[PDB]
Amino acid sequence: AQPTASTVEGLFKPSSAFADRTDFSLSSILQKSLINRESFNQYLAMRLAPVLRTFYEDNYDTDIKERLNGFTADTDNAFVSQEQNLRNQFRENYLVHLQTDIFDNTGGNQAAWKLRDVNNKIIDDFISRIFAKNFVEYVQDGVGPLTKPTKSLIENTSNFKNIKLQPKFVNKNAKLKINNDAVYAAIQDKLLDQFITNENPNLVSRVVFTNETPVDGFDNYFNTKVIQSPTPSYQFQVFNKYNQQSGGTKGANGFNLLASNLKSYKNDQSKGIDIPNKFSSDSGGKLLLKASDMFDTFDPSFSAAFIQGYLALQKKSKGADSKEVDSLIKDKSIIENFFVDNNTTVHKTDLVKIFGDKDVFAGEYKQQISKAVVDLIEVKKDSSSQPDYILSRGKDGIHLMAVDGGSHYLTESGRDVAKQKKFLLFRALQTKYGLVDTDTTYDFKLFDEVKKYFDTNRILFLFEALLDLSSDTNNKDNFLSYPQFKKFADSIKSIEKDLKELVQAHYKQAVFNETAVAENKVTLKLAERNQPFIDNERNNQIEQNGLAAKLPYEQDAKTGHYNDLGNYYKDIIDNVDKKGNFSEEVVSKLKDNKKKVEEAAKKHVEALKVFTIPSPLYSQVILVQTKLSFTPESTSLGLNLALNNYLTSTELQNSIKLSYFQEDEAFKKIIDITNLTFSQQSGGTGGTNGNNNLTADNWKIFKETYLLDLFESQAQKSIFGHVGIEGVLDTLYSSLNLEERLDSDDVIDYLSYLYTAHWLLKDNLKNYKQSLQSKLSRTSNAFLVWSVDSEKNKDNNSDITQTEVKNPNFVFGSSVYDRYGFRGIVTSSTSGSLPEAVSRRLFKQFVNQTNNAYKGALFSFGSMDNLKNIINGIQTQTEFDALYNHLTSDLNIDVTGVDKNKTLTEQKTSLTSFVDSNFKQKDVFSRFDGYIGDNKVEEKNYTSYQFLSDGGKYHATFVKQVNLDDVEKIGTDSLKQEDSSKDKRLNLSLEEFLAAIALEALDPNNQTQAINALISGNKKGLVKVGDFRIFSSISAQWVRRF
């Protein structure tokens, strides 16, 4: 089957270089690919599974020996099937697509496919067999581990040292068929420790008393006249009071059976805390609150309360009240514990002051709630002791939680990961032999949890575990010293000097990435939980809150981060740092490790001596190769796979777009693209001369406008802190880690906006003039509007349009507890951002029926003869219809003698005659620069301005008039700092003009035009690509084939 010539001519032609820039060379593209997490893991698979091939090779078991032969046979059969189906599908040109859509993604060779699928099969099998057995044991000396250790033997802190995750019949000095378990128990105890290290997986024994529908009746608690038809939930939380007659063990009865003897559920020998299942409404028991999905799989009020207990052990918990076990309110309902004293810290929801002079509660709630209200309190055995039990109410009722072993492996110095691993191994041993108490059930499988967390990094984590295994030369009891695994442990030894410098950094940064991702969920989900209690206050439904209480956790005004809740993850990044506020520490140690990955990847690619192999027949990729590696073929294919992932990735596309910015010398004079810092600092480097004459602060406002446009699109706007907005904006900017991520969408969009802002600023605003001309019109007034919403209407003459509206629409939380308004040049056709009230007052009700009220109405024409030159310019009937309606229904100018029945000539003739005979010079053509509301006044006379009124709300609006008589007048002298040149920029100041230009730059049409200018205005032309994976990845608007 000779392939047809059409596809052969039409297929991509591989070249010597991937692209034609100084950052797209082999030594740079391979380094960047090895820094890409997904690409790096695709490489590590091919550099890690050759290590695990040796274990299958020297293994005693006949089955494991035959696994390699079976994998090769299955690979041959799969190749036969692939060839058969490709032939039956493509016929004439099947070989071309066999090399194109299969081999290129695989390594570019027939044997490349077999070295991919076999090398993945063996690593998958080795991954499965690590966790195929349970090895948590209490090891006795001279008889081996006891088949069933006794309860009193293992439930001791001093006896934790004997729970070491060791196999049963493994002898170092013997060739045992099942000696391979000595491998897994060594790797598992490594992987498990990673699980103990990164996830910080504390166990919590918790009891939840679900929300109770009150048989007493909600009217007793929450009156219907204010709260109609309550439903059992957090906001209306009620439990039937404790009665001794009914023989119940849940609700207040369960809380009485529980809190009376609360001190007796901590097994002080084991330091663990075990609370009975029957005392909880659900199945009850213990849950694993690891760092990753504890704010995902469970309620935020639950996970955050567990964190509060976590730091309560470590004397780091803040904001919560403390009361002893004996002080618990068990006779009354449970909620009475939370009505804490108000007289004079602890963050208490004083609902008496919150609801003001409105009756929201009734009966016992009204009498109690005076007395503040909280959500979480700390209950402890003794006044001198530290809080071991935490009581908090969430979505599904009130939970009493206690971390078990917290006094053991969590102290003021931080988390003790060795003790934590020992304690969780003790719990896993408890579950292994059914040695738990009869009144509790262990829904706790540590091996399943470590397997599920480790399976995310199925390649990096296993490789790092092996490296740390071979990094411990002082421990002779590992499987490395077993003579059965002498060469296998040598294979792990042949990968330290080569890759470990890179893999340690990659692991230490990926774990930090996951830790930052998980700790972002803290401030994300706490805000999500607090969202309805802000919605209620927004909708004037504050009374719906009822029993809603603010959590004790403090937030950062300057950062928008929960510091104490971040300590739970700081106790992770302080552990992965030693391997080999949390916000500041992680932001420092992510860049200090990203530079380490840069260095390690560059050294690894250097030491590999990478050269480009010529591509095979019908190939469309630029493959690479190496020879300075322990297994040259697998390392070459690993680099091939890492490239196949990076070239198709959006990181390389954003790198190409980054290079297009690199080329533009005009833009690079004002920015430092790699540094993402505005250039020229502050001085005379190019200052002052034409061609975008402005400072570097003059670009900070463009950046701030971009940040505000991004902030307005945020799903939640309180995850970034609060007061004003100049701080929240830089916090949002930091949150993007743009300088740490130069090959992201978040940076190409930022730079696209920045060159949109410059492409309106260059050539003496040659494109800003065009945008304004195509936006403005002569028959419609245009304004620069500073419109603020005043919920209250009016020397006590402070301007309200220049006073910052902190927390507008309650966007930075709630106020009661814990020159602005600019819209740019807004016209009638584009008045979406303006409120309908002010937009109608400007572009449809300029001169209201209630003098200077006509000033600026026909300023859209600017001069006397201008509207005369436009009225006779009408050719058709509808063209005059629009003008007449605008002059009457919009510009409210009285018309005399006009007739609809007139012909085309007389139609315009009557209007021209009446315009001339009515305006034979009321400052109608003057420029209106002042306040518009219920009345109209100038800027100077703010003492006589009536705010616009609409639907009970008020508006304060400043408008500066803009016509085409100043759109054309912006030119070379438009960016000068001088005040006398303000007429050269729409009679604006420089800052106002640049803010308007930035708002114009946010236009998608402006950005598209400026980006096409960037690509077309390239000194070297469009970037060429020699690899198809770089051509298909990014559109032809940026890259061209050779």
# chains A, B, ... in the order shown; residues from 1 in each chain; ligands from 1

$ residues_around --residues "residue A:850" --least-positions-apart "4" --cutoff "12 Å" --atoms "only C-alpha atoms" --output "PyMOL selection string"
chain A and resi 845-846+854+933-936

$ write_last_selection --atoms "C-alpha atoms" --output "CSV table (one decimal), in the first residue's frame"
chain,number,residue,atom,x,y,z
A,845,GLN,CA,-33.0,62.6,29.9
A,846,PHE,CA,-30.2,65.2,29.7
A,854,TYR,CA,-29.4,73.0,28.2
A,933,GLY,CA,-28.1,64.3,39.3
A,934,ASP,CA,-31.6,65.4,40.2
A,935,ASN,CA,-30.2,68.8,39.2
A,936,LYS,CA,-27.1,69.8,37.1

$ closest_atom_pairs --of "stretch 37-84 of chain A" --to "stretch 645-669 of chain A" --cutoff "10 Å" --atoms "only C-alpha atoms" --output "Markdown table"
| residue | atom | partner | partner_atom | distance |
| --- | --- | --- | --- | --- |
| A:37 | CA | A:646 | CA | 9.4 |
| A:38 | CA | A:645 | CA | 7.1 |
| A:39 | CA | A:645 | CA | 5.2 |
| A:40 | CA | A:645 | CA | 8.9 |
| A:41 | CA | A:645 | CA | 9.8 |
| A:42 | CA | A:645 | CA | 7.6 |
| A:43 | CA | A:645 | CA | 9.5 |

$ residues_around --residues "stretch 692-701 of chain A" --least-positions-apart "2" --cutoff "10 Å" --atoms "only C-alpha atoms" --output "VMD selection string"
chain A and resid 666 to 667 669 to 671 677 to 690 703 to 707 726 754 757 to 765 972 to 977 990 to 992 994 to 995 998

$ residues_around --residues "residue A:891" --least-positions-apart "3" --cutoff "12 Å" --atoms "only C-alpha atoms" --output "PDB file with N, CA and C atoms, in the first residue's frame"
ATOM      1  N   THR A 779     -24.027  63.018  16.900  1.00  0.00           N
ATOM      2  CA  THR A 779     -25.423  63.161  17.293  1.00  0.00           C
ATOM      3  C   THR A 779     -25.738  62.405  18.580  1.00  0.00           C
ATOM      4  N   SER A 780     -24.778  62.336  19.499  1.00  0.00           N
ATOM      5  CA  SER A 780     -24.991  61.672  20.783  1.00  0.00           C
ATOM      6  C   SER A 780     -23.911  62.139  21.743  1.00  0.00           C
ATOM      7  N   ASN A 781     -24.321  62.701  22.875  1.00  0.00           N
ATOM      8  CA  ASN A 781     -23.368  63.182  23.862  1.00  0.00           C
ATOM      9  C   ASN A 781     -22.574  62.024  24.456  1.00  0.00           C
ATOM     10  N   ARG A 840     -29.841  56.775  31.827  1.00  0.00           N
ATOM     11  CA  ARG A 840     -31.020  57.432  31.276  1.00  0.00           C
ATOM     12  C   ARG A 840     -30.972  58.938  31.508  1.00  0.00           C
ATOM     13  N   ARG A 841     -30.472  59.364  32.670  1.00  0.00           N
ATOM     14  CA  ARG A 841     -30.370  60.788  32.965  1.00  0.00           C
ATOM     15  C   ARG A 841     -29.383  61.487  32.040  1.00  0.00           C
ATOM     16  N   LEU A 842     -28.367  60.771  31.565  1.00  0.00           N
ATOM     17  CA  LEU A 842     -27.356  61.365  30.697  1.00  0.00           C
ATOM     18  C   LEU A 842     -27.739  61.267  29.223  1.00  0.00           C
ATOM     19  N   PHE A 843     -27.954  60.050  28.730  1.00  0.00           N
ATOM     20  CA  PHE A 843     -28.101  59.802  27.303  1.00  0.00           C
ATOM     21  C   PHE A 843     -29.549  59.702  26.847  1.00  0.00           C
ATOM     22  N   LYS A 844     -30.516  59.864  27.749  1.00  0.00           N
ATOM     23  CA  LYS A 844     -31.914  59.930  27.340  1.00  0.00           C
ATOM     24  C   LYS A 844     -32.721  60.994  28.066  1.00  0.00           C
ATOM     25  N   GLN A 845     -32.230  61.554  29.165  1.00  0.00           N
ATOM     26  CA  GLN A 845     -32.951  62.580  29.910  1.00  0.00           C
ATOM     27  C   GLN A 845     -31.987  63.677  30.347  1.00  0.00           C
ATOM     28  N   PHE A 846     -31.141  64.127  29.415  1.00  0.00           N
ATOM     29  CA  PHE A 846     -30.155  65.158  29.737  1.00  0.00           C
ATOM     30  C   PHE A 846     -30.812  66.381  30.362  1.00  0.00           C
ATOM     31  N   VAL A 847     -31.821  66.931  29.699  1.00  0.00           N
ATOM     32  CA  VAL A 847     -32.534  68.103  30.189  1.00  0.00           C
ATOM     33  C   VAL A 847     -33.902  67.617  30.650  1.00  0.00           C
ATOM     34  N   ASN A 848     -34.029  67.367  31.949  1.00  0.00           N
ATOM     35  CA  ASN A 848     -35.279  66.876  32.500  1.00  0.00           C
ATOM     36  C   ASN A 848     -36.348  67.963  32.428  1.00  0.00           C
ATOM     37  N   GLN A 849     -37.601  67.547  32.627  1.00  0.00           N
ATOM     38  CA  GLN A 849     -38.710  68.492  32.591  1.00  0.00           C
ATOM     39  C   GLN A 849     -38.636  69.517  33.714  1.00  0.00           C
ATOM     40  N   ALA A 853     -29.530  74.169  32.215  1.00  0.00           N
ATOM     41  CA  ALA A 853     -29.894  72.776  31.992  1.00  0.00           C
ATOM     42  C   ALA A 853     -29.697  72.343  30.547  1.00  0.00           C
ATOM     43  N   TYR A 854     -29.568  73.289  29.617  1.00  0.00           N
ATOM     44  CA  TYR A 854     -29.354  72.963  28.214  1.00  0.00           C
ATOM     45  C   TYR A 854     -27.885  72.927  27.820  1.00  0.00           C
ATOM     46  N   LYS A 855     -26.981  73.358  28.699  1.00  0.00           N
ATOM     47  CA  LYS A 855     -25.564  73.385  28.361  1.00  0.00           C
ATOM     48  C   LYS A 855     -25.062  71.984  28.040  1.00  0.00           C
ATOM     49  N   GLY A 856     -24.381  71.856  26.907  1.00  0.00           N
ATOM     50  CA  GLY A 856     -23.806  70.595  26.510  1.00  0.00           C
ATOM     51  C   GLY A 856     -24.746  69.638  25.817  1.00  0.00           C
ATOM     52  N   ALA A 857     -26.024  69.990  25.662  1.00  0.00           N
ATOM     53  CA  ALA A 857     -26.960  69.080  25.009  1.00  0.00           C
ATOM     54  C   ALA A 857     -26.561  68.822  23.563  1.00  0.00           C
ATOM     55  N   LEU A 858     -26.192  69.878  22.836  1.00  0.00           N
ATOM     56  CA  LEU A 858     -25.693  69.767  21.474  1.00  0.00           C
ATOM     57  C   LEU A 858     -24.181  69.934  21.401  1.00  0.00           C
ATOM     58  N   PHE A 859     -23.484  69.762  22.528  1.00  0.00           N
ATOM     59  CA  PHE A 859     -22.027  69.750  22.525  1.00  0.00           C
ATOM     60  C   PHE A 859     -21.473  68.539  21.789  1.00  0.00           C
ATOM     61  N   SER A 860     -22.303  67.526  21.539  1.00  0.00           N
ATOM     62  CA  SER A 860     -21.891  66.430  20.676  1.00  0.00           C
ATOM     63  C   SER A 860     -21.594  66.908  19.265  1.00  0.00           C
ATOM     64  N   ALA A 882     -34.319  58.897  12.681  1.00  0.00           N
ATOM     65  CA  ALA A 882     -33.451  58.726  13.842  1.00  0.00           C
ATOM     66  C   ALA A 882     -32.987  60.070  14.390  1.00  0.00           C
ATOM     67  N   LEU A 883     -32.573  60.986  13.510  1.00  0.00           N
ATOM     68  CA  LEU A 883     -32.093  62.290  13.960  1.00  0.00           C
ATOM     69  C   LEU A 883     -33.204  63.075  14.648  1.00  0.00           C
ATOM     70  N   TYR A 884     -34.407  63.067  14.070  1.00  0.00           N
ATOM     71  CA  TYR A 884     -35.522  63.802  14.655  1.00  0.00           C
ATOM     72  C   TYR A 884     -35.923  63.219  16.004  1.00  0.00           C
ATOM     73  N   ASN A 885     -35.978  61.887  16.103  1.00  0.00           N
ATOM     74  CA  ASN A 885     -36.312  61.259  17.378  1.00  0.00           C
ATOM     75  C   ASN A 885     -35.254  61.558  18.431  1.00  0.00           C
ATOM     76  N   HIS A 886     -33.977  61.543  18.040  1.00  0.00           N
ATOM     77  CA  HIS A 886     -32.916  61.887  18.979  1.00  0.00           C
ATOM     78  C   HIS A 886     -32.998  63.351  19.393  1.00  0.00           C
ATOM     79  N   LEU A 887     -33.373  64.229  18.463  1.00  0.00           N
ATOM     80  CA  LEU A 887     -33.471  65.646  18.779  1.00  0.00           C
ATOM     81  C   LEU A 887     -34.693  65.954  19.634  1.00  0.00           C
ATOM     82  N   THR A 888     -35.704  65.084  19.619  1.00  0.00           N
ATOM     83  CA  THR A 888     -36.930  65.301  20.377  1.00  0.00           C
ATOM     84  C   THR A 888     -37.079  64.331  21.543  1.00  0.00           C
ATOM     85  N   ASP A 894     -37.302  71.503  21.455  1.00  0.00           N
ATOM     86  CA  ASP A 894     -38.596  71.776  20.841  1.00  0.00           C
ATOM     87  C   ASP A 894     -38.449  71.985  19.338  1.00  0.00           C
ATOM     88  N   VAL A 895     -39.378  71.413  18.576  1.00  0.00           N
ATOM     89  CA  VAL A 895     -39.351  71.456  17.119  1.00  0.00           C
ATOM     90  C   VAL A 895     -40.604  72.170  16.634  1.00  0.00           C
ATOM     91  N   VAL A 924     -25.238  76.109  24.820  1.00  0.00           N
ATOM     92  CA  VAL A 924     -25.627  74.774  24.384  1.00  0.00           C
ATOM     93  C   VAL A 924     -24.428  74.021  23.819  1.00  0.00           C
TER      94      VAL A 924
END

$ residues_around --residues "residue A:231" --least-positions-apart "6" --cutoff "9 Å" --atoms "only C-alpha atoms" --output "PyMOL selection string"
chain A and resi 213+218+237

$ write_last_selection --atoms "N, CA and C atoms" --output "PDB file, in the first residue's frame"
ATOM      1  N   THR A 213     -35.674  18.758  64.581  1.00  0.00           N
ATOM      2  CA  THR A 213     -36.954  19.432  64.422  1.00  0.00           C
ATOM      3  C   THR A 213     -37.610  19.517  65.792  1.00  0.00           C
ATOM      4  N   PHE A 218     -41.108  25.746  66.470  1.00  0.00           N
ATOM      5  CA  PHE A 218     -40.184  26.810  66.106  1.00  0.00           C
ATOM      6  C   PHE A 218     -40.656  28.180  66.572  1.00  0.00           C
ATOM      7  N   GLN A 237     -30.865  26.563  64.613  1.00  0.00           N
ATOM      8  CA  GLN A 237     -30.373  25.329  65.209  1.00  0.00           C
ATOM      9  C   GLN A 237     -31.059  25.116  66.551  1.00  0.00           C
TER      10      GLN A 237
END

$ select_by_dssp --residues "stretch 683-761 of chain A" --states "alpha helix (DSSP H)" --output "ChimeraX atom specification"
/A:697-712,725-735,745-759

$ write_last_selection --atoms "N, CA and C atoms" --output "tab-separated table (two decimals), in the first residue's frame"
chain	number	residue	atom	x	y	z
A	697	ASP	N	5.35	54.71	36.90
A	697	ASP	CA	4.10	54.77	37.66
A	697	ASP	C	2.91	54.95	36.73
A	698	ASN	N	3.11	55.61	35.59
A	698	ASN	CA	2.03	55.80	34.64
A	698	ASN	C	1.55	54.49	34.02
A	699	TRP	N	2.31	53.41	34.16
A	699	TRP	CA	1.87	52.09	33.73
A	699	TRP	C	1.32	51.26	34.88
A	700	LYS	N	1.62	51.64	36.13
A	700	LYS	CA	1.03	50.95	37.26
A	700	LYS	C	-0.48	51.13	37.27
A	701	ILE	N	-0.98	52.25	36.74
A	701	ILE	CA	-2.43	52.44	36.70
A	701	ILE	C	-3.07	51.60	35.61
A	702	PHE	N	-2.38	51.38	34.48
A	702	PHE	CA	-2.86	50.42	33.50
A	702	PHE	C	-2.91	49.02	34.10
A	703	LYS	N	-1.86	48.64	34.82
A	703	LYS	CA	-1.85	47.33	35.48
A	703	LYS	C	-2.95	47.23	36.52
A	704	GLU	N	-3.20	48.31	37.27
A	704	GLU	CA	-4.26	48.30	38.28
A	704	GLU	C	-5.63	48.21	37.63
A	705	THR	N	-5.81	48.84	36.47
A	705	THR	CA	-7.07	48.69	35.74
A	705	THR	C	-7.27	47.24	35.30
A	706	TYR	N	-6.21	46.60	34.81
A	706	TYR	CA	-6.31	45.18	34.48
A	706	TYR	C	-6.65	44.35	35.71
A	707	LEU	N	-6.01	44.66	36.84
A	707	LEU	CA	-6.27	43.92	38.07
A	707	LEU	C	-7.69	44.12	38.55
A	708	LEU	N	-8.24	45.32	38.36
A	708	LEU	CA	-9.63	45.58	38.74
A	708	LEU	C	-10.60	44.84	37.83
A	709	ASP	N	-10.30	44.79	36.53
A	709	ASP	CA	-11.13	44.02	35.62
A	709	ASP	C	-11.08	42.53	35.95
A	710	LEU	N	-9.93	42.04	36.42
A	710	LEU	CA	-9.83	40.64	36.82
A	710	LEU	C	-10.52	40.40	38.16
A	711	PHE	N	-10.44	41.38	39.07
A	711	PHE	CA	-11.10	41.29	40.36
A	711	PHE	C	-12.61	41.25	40.21
A	712	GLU	N	-13.15	42.06	39.30
A	712	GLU	CA	-14.59	42.07	39.07
A	712	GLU	C	-15.09	40.73	38.55
A	725	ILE	N	-8.29	49.54	47.81
A	725	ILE	CA	-8.29	48.55	46.73
A	725	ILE	C	-6.91	48.42	46.10
A	726	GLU	N	-6.03	49.40	46.29
A	726	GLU	CA	-4.68	49.29	45.76
A	726	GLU	C	-3.90	48.16	46.42
A	727	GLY	N	-4.30	47.74	47.62
A	727	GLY	CA	-3.66	46.63	48.29
A	727	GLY	C	-4.26	45.30	47.88
A	728	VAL	N	-5.59	45.25	47.81
A	728	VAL	CA	-6.26	44.04	47.35
A	728	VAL	C	-5.83	43.70	45.93
A	729	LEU	N	-5.58	44.73	45.11
A	729	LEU	CA	-5.20	44.48	43.73
A	729	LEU	C	-3.82	43.84	43.64
A	730	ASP	N	-2.85	44.32	44.43
A	730	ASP	CA	-1.54	43.69	44.40
A	730	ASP	C	-1.56	42.32	45.06
A	731	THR	N	-2.44	42.11	46.03
A	731	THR	CA	-2.62	40.76	46.58
A	731	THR	C	-3.15	39.81	45.52
A	732	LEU	N	-4.12	40.26	44.72
A	732	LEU	CA	-4.61	39.45	43.61
A	732	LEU	C	-3.52	39.20	42.58
A	733	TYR	N	-2.70	40.22	42.31
A	733	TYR	CA	-1.58	40.07	41.39
A	733	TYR	C	-0.59	39.02	41.89
A	734	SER	N	-0.27	39.06	43.18
A	734	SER	CA	0.61	38.05	43.77
A	734	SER	C	0.00	36.66	43.67
A	735	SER	N	-1.32	36.57	43.86
A	735	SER	CA	-2.00	35.28	43.82
A	735	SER	C	-1.83	34.57	42.49
A	745	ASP	N	-1.50	31.12	30.76
A	745	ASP	CA	-2.51	31.98	30.15
A	745	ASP	C	-2.66	33.28	30.92
A	746	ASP	N	-2.50	33.23	32.25
A	746	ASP	CA	-2.66	34.41	33.08
A	746	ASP	C	-1.60	35.47	32.82
A	747	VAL	N	-0.52	35.12	32.13
A	747	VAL	CA	0.52	36.09	31.80
A	747	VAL	C	0.40	36.55	30.35
A	748	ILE	N	-0.01	35.66	29.44
A	748	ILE	CA	-0.23	36.11	28.07
A	748	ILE	C	-1.43	37.05	28.01
A	749	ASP	N	-2.46	36.80	28.82
A	749	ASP	CA	-3.58	37.73	28.88
A	749	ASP	C	-3.17	39.06	29.50
A	750	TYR	N	-2.36	39.03	30.56
A	750	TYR	CA	-1.88	40.26	31.17
A	750	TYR	C	-1.04	41.07	30.20
A	751	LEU	N	-0.13	40.41	29.47
A	751	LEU	CA	0.72	41.13	28.54
A	751	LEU	C	-0.05	41.55	27.30
A	752	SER	N	-1.05	40.78	26.89
A	752	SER	CA	-1.92	41.21	25.80
A	752	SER	C	-2.65	42.48	26.17
A	753	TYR	N	-3.16	42.56	27.40
A	753	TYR	CA	-3.74	43.82	27.85
A	753	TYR	C	-2.70	44.93	27.88
A	754	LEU	N	-1.49	44.62	28.34
A	754	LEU	CA	-0.47	45.66	28.46
A	754	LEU	C	-0.07	46.22	27.09
A	755	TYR	N	0.05	45.37	26.08
A	755	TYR	CA	0.33	45.88	24.75
A	755	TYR	C	-0.90	46.48	24.09
A	756	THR	N	-2.10	46.12	24.54
A	756	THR	CA	-3.28	46.87	24.12
A	756	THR	C	-3.22	48.29	24.67
A	757	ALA	N	-2.75	48.43	25.90
A	757	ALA	CA	-2.62	49.73	26.53
A	757	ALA	C	-1.53	50.57	25.90
A	758	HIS	N	-0.43	49.96	25.48
A	758	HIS	CA	0.63	50.67	24.77
A	758	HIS	C	0.27	50.98	23.32
A	759	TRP	N	-0.38	50.04	22.63
A	759	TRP	CA	-0.76	50.22	21.24
A	759	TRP	C	-1.82	51.30	21.06

$ residues_around --residues "residue A:380" --least-positions-apart "5" --cutoff "6 Å" --atoms "only C-alpha atoms" --output "short mmCIF file (atom, residue, chain, number, x, y, z; two decimals) with C-alpha atoms, in the first residue's frame"
data_model
loop_
_atom_site.label_atom_id
_atom_site.label_comp_id
_atom_site.auth_asym_id
_atom_site.auth_seq_id
_atom_site.Cartn_x
_atom_site.Cartn_y
_atom_site.Cartn_z
CA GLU A 324 -13.60 22.83 81.15
CA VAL A 325 -15.34 19.48 80.72
CA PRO A 387 -8.01 21.94 74.71
CA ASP A 388 -8.35 18.33 73.59
CA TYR A 389 -12.04 18.50 72.67
#

$ closest_residue --among "A:56, A:568, A:482, A:423" --to "residue A:198" --atoms "only C-alpha atoms"
A:568

$ atom_distance --atom1 "atom CA of residue A:875" --atom2 "atom CA of residue A:905"
9.1 Å

$ select_by_dssp --residues "stretch 740-957 of chain A" --states "strand (DSSP E or B)" --output "ChimeraX atom specification"
/A:777,780,782-790,822-826,929-932,936-938,948-950,953-957

$ residues_around --residues "stretch 101-108 of chain A" --least-positions-apart "6" --cutoff "6 Å" --atoms "only C-alpha atoms" --output "short mmCIF file (atom, residue, chain, number, x, y, z; two decimals) with N, CA, C and O atoms, in the first residue's frame"
data_model
loop_
_atom_site.label_atom_id
_atom_site.label_comp_id
_atom_site.auth_asym_id
_atom_site.auth_seq_id
_atom_site.Cartn_x
_atom_site.Cartn_y
_atom_site.Cartn_z
N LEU A 637 13.77 7.89 25.41
CA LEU A 637 12.32 7.86 25.25
C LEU A 637 11.61 8.69 26.32
O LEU A 637 10.55 9.26 26.05
N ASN A 640 11.80 12.08 25.11
CA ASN A 640 10.85 12.16 24.00
C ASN A 640 9.43 12.39 24.51
O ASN A 640 8.70 13.22 23.98
N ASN A 644 6.99 15.48 24.13
CA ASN A 644 5.68 15.30 23.52
C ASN A 644 4.58 15.87 24.39
O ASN A 644 3.50 16.21 23.89
#

$ closest_residue --among "A:955, A:538, A:408, A:13" --to "residue A:815" --atoms "only C-alpha atoms"
A:538

$ atom_distance --atom1 "atom CA of residue A:63" --atom2 "atom CA of residue A:44"
26.2 Å

$ atom_distance --atom1 "atom CA of residue A:341" --atom2 "atom CA of residue A:371"
5.3 Å

$ closest_residue --among "A:736, A:357, A:766, A:508" --to "residue A:460" --atoms "only C-alpha atoms"
A:508
